[PDB]
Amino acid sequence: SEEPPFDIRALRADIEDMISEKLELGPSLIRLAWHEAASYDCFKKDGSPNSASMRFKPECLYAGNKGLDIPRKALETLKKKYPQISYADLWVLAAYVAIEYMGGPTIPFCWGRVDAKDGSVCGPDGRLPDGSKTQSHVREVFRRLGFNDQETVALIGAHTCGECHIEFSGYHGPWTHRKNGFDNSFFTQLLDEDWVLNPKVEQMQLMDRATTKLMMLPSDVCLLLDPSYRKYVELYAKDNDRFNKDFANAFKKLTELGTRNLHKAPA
């Protein structure tokens, strides 16, 4: 639609190159964009989502954001090469590139986000979800963001990608057997495995009885326990196409929360 002030074709290629050199960056880029959005409260209309406010104290120091300096620093290099893109647009674009890179949907990108210029616009601590909690908490957080149950379940499906790091969250390991692949595997394993206590990790997490190599957090398995969420887990477990479409729509919504004056990018 409207040509951006940065060379988006070249930037996308450079993001792809960066990911290719360090594949675990892909899932961290998705996590970064999600936590930059997750500050929103749709009722108070505050939290400066999608403004790269996480670059500043106090938000950069929130426990839920531990480890996100890694994708932020990776992207800094590209910001220097493409100075016309805002950090906010860059983090969103990099997440969209990562999602596609790993086999997920190609989400239509809109540009135009303006960066937070200091930490005074940061939302408070306590807005990020807690993996040790279950559906009452998950629903409260996602309702606060403005998402319904279908969108909530679709979004949490992103745990098909990546892994937990003891240093960052105290949890350990990948959810799925192919942590650098995007698909509906998070949902299939939620339904298909027997989730047993993992006695080897001090922070309570479950593992699959079959191999012990898959993990789930309390916040993941609450999608099985809650009657509404479980219906969508079942839906996505059976249909990867539907999951991809719904994830695309929900993630686009997430990364456009609290934004204005965006422009459709050339594609």
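Residues carry their position along the shown sequence, with the first being 1.
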Inset, instruction - Could you settle it for me: does 15-23 or 239-247 have the higher average Cα B factor in the PDB entry? - result: 239-247
Legend entry - 207-215 or 29-37, whichever carries the higher mean Cα B-factor: 207-215
Inset, instruction - Report the option among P71, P124, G103, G112 whose CA atom has the maximum B-factor in the deposited record. - result: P124
Inset, instruction - Between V141, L78, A158, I166, let me know which has the highest C-alpha B-factor in the entry? - result: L78
Inset, instruction - Consider only the C-alpha atoms of the modelled residues in this chain, order them by B-factor as the entry records it, and name the third containing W91: lowest, middle or highest. - result: lowest
Inset, instruction - For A52, return the chain-relative third of its C-alpha B-factor as stated in the PDB record: lowest, middle or highest. - result: lowest
Legend entry - Lowest, middle or highest third - CA B-factor, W195: middle
Legend entry - Modelled-residue ranking by C-alpha temperature factor, third containing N148: middle
Legend entry - CA B-factor placement of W175, once the chain's modelled residues are sorted into thirds: lowest
